[PDB]
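Down below is the structure, laid out as structure tokens.
We place every Cβ from the backbone using ideal geometry, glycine too, and count neighbours over all the protein chains shown. Computed from the coordinates by the stated procedures, all read-outs in this text should not be read as laboratory data.
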Amino acid sequence: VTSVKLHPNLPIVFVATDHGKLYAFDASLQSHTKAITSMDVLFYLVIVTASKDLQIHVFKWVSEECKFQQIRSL
Amino acid sequence: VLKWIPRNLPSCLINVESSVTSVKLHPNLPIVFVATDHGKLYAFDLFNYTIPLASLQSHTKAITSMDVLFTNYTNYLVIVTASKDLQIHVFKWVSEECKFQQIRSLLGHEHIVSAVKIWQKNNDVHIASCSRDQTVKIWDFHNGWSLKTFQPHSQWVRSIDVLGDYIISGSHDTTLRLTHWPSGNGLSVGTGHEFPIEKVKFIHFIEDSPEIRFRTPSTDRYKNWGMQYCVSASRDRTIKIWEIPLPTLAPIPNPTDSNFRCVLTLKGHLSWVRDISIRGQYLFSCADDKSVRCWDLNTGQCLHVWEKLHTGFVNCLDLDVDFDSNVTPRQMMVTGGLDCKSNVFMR
Amino acid sequence: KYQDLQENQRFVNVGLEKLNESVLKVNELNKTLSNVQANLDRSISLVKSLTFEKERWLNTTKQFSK
């Protein structure tokens, strides 16, 4: 795991693997193809992911649907 | 000590990821169970509301109603979570492990279930539930199978209440009807609301009080029957207290007195009333106007209003049982919310 | 279409990473080596084939952007 994040309100923990896959264990989405560097979460919940592929993609987590939908990428 | 009124501000806030549906109270320890629209069943502790004690996902669909009871054999706790996945679930609480322990799941409904109740009369625990199948269903907790299935209404019943051997059932066809528990015969039918019945429950006995106008029996027939006054909450923004008539005492319906009687009506809510819970002299009710109101039985006027309790709809309220001597009526009451928050009032 | 594109990008990226680590391992083995002539010729042929694969896979990752 390259980064670790936790939900500030509900008992949820976000785990990002070294291969670029992000898993939300109390979902599995590959936000970036390369290895991610670090993540930041701010309360709508927005998660900013940065990787070495020269592309930073931001994804949002739907709590009711238990799925992550990407909003925009830099 | 039974005239406690909660303060204006919430004591503490409980954060949930999705819509809160049904909230219950542990009758021995300050533990609150919070439903979700996602189907997750929580168990928060009032002293430390940081993390849940046991977050168990039981159903793929939403859950609608709950009931909780600490049994008294001649003991432990039973939690039932009626859901939208065509079935109900039964859970047992373990105090030592602080985790939910599943017992069994009762099947039989051909649509989604909206109400559930659990009680005991004489050393035998029974579970009732009512669904969109237009049929009232009953179960035995120790046995696991049903005893009597019957349809009281053309449309689908929504909420129920019970003590002893009598069941009433609010319905989507804006009519109330008592359903006798062993016989299955409708003793009386009621009319007077203009919208489907959201929640409905009985008003029971109390031992000693200064003066009562809505719980005390009038005659010896009321005294030995024990079922006098009931309150119904329906989507027409009104709360009414309903007189139930006498049967021809299997009791038979009265041909000239098989009709309910509305006694006192209450109004002032800005949306649909969702749930009610009587506590002595005070009728605590919610609505869908982000508010919870407190109604008095005697004067029939709202003494206190809790405006903007949430930013969304208020879903369910529940208190501690007070008409029995087994569980004391502690000064704790907790509400739900459509805006993913739950608030509890203490002291 | 985005699911198909992401699957192709992940497949080619993990293949290129495995190919680069294979080039590193073969280079380390050749440095350790430097039947002897036979395995040296086999290592040289493997280096040439892996360099060709790396060239064509950098070309295809160039055209995935397009």
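Remarks
- Estimated dipole of segment B:154-231 in Debye, rounded to 20 [Cβ of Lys and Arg +1, of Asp and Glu -1, Cα centre]: 100 debye
- Cα pair count fraction exceeding 20 Å, expressed as % - segment B:45-145: 40 percent
- A Förster radius of 56 Å combined with the Cβ-Cβ distance from B:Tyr49 to C:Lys66 puts the calculated FRET efficiency at roughly 0.55.
- Computed [θ] at 222 nm, deg cm²/dmol, chain B (DSSP H ≥ 4; -39,500 (n - 2.57); rounded to nearest 500): -500 deg cm²/dmol
- Taking the Cα centre of the protein assembly as shown as reference, the dipole from Cβ charges on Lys and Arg (+1) and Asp and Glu (-1) amounts to some 1120 debye.
- When the P(r) of segment B:11-347 is calculated, the portion above 31 Å amounts to 28% of the C-alpha pairs.
- Rg(Cα) / (2.2 N^0.38 Å) computed for chain A, rounded to two decimals: 0.99
- Each principal axis of the Cα cloud of chain C was evaluated for its coordinate range; sorted largest first, these ranges are 51, 15, 14 Å.
- For segment B:78-161, the list of chymotrypsin sites (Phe, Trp or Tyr not before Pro) that fall in a loop by DSSP and count at most 11 other C-beta atoms within 10 angstrom reads B:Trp145.
- Computed FRET value (nearest 0.05) for C:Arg56 with A:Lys34, which takes r as the C-beta separation and R₀ as 25 Å: 0.80
- Rounded to 0.05, the FRET efficiency of the A:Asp26 and B:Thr219 pair, given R0 = 60 Å and the Cβ-Cβ distance, is 0.55.
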